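Coming up is one lone chain in structure tokens, specifically the form deposited in one PDB entry.
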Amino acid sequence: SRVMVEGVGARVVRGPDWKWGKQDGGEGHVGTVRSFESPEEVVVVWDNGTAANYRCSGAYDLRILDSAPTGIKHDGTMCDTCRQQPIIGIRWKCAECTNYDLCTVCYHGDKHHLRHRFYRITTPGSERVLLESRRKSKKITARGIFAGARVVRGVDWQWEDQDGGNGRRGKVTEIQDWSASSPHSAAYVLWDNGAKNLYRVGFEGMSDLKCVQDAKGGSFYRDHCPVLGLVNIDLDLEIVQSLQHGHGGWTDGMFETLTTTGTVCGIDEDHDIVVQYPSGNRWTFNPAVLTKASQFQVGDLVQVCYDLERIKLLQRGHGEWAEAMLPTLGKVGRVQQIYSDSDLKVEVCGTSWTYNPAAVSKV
């Protein structure tokens, strides 16, 4: 029979029955499952330092953002984008393709087709659950202990005064694997006093760090998470690797580039492109490997499309159509925010709406 996996170290966010205000630091803010008091109650240490108990039965206060730090895996599978094998964490199987799967990073990282509906397979024992397309679903940004975060020592600290002392600060440079069997479970810190090291952020449910300034950890499809209880690359890795022959090559530190937008910090002598990512990493590519787009900027004034057929198509295709939007057609408005799924929050007619970026034009 199916049973709950009491996965200590799972990275979680607030769930559908959440009623505890801003205890997590806000929606999309991340925490670590420290332990289970029972099969109904779980202890979470949020990245902001707050420890609290939550319901994981009948009522569900939490969603799983990443279970990979627990080591749970799906032997006999491979992620067809990044080639992780076995898939560690939640398994995401494309329902519309033959024998195609993604890991959680590639799934939330918008790899494969966003209009193809996936199955969520949370555990090896889970029945597969058909989801809505990512293209039509709400995407938010994770916040907490991620690259760029400003941190102090956390509750489970046992590393002497490596930080220079309790309350001394440092910056997370990179989320790493504490061990091969527990990915995404550690954070490398550069302490302000020049010291540096790797600390547990999820490994064995440990919280060595607490951010005083949380950072963005990339975006995810919130309602696709199971309840508990510049330039981008859109080309298949085998392509990338052989294209990289004589243009910087490939190393296993570059997988960030497959799902994370990087910025062109330069152009070298062999006409290859140097690219910097929020990790702090620089990487060099054959220009073929890279593709650029995302047009608009915050504060841009734009005109809403005035072809109703087209704007209906555009809004529906992106899961954001409402008849109430009719008075915005042809109106000029201001880009308030560029969402992670490329849609736009636009101030128009004294309200805000979410628009497909093709549904507006720079004025």
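Counting begins at 1, following the sequence as shown. Here, rigid core means the biggest group of C-alpha atoms that superpose within 1.5 Å across both forms.
A second form of this protein, the form deposited with a partner chain bound, is not displayed here; the remarks below concern that form.
- With its partner chain left out of view, the stretch that reaches within 4.5 Å of it through heavy atoms in the deposited complex is, among 313-321, 46-54, 66-74, 326-334, 46-54.
- In the deposited complex, its partner chain sits within 4.5 Å of a heavy atom of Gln23.
- Although the partner is absent here, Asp300 sits far enough away that none of its heavy atoms falls within 4.5 Å of its partner chain in the deposited complex.
- Once the core is superposed between this form and the one not shown, every option in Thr141, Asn197, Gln85, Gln244 stays below 2 Å in C-alpha shift except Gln244.
- The rigid-core alignment places the CA of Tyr100 less than 2 Å apart between this form and the one not shown.
- Once the rigid core is overlaid between this form and the one not shown, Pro278 counts among the residues whose Cα shifts by 2 Å or more.
- Positional change of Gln162 between this form and the one not shown stays under 2 Å at the C-alpha, relative to the superposed core.
- The distance between the CA atoms of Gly280 and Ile338 is at least 3 Å shorter in the deposited complex than in the form shown here.
- Note: the CA-CA distance for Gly262 and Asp343 contracts in the deposited complex relative to this form, by 3 angstroms or more.
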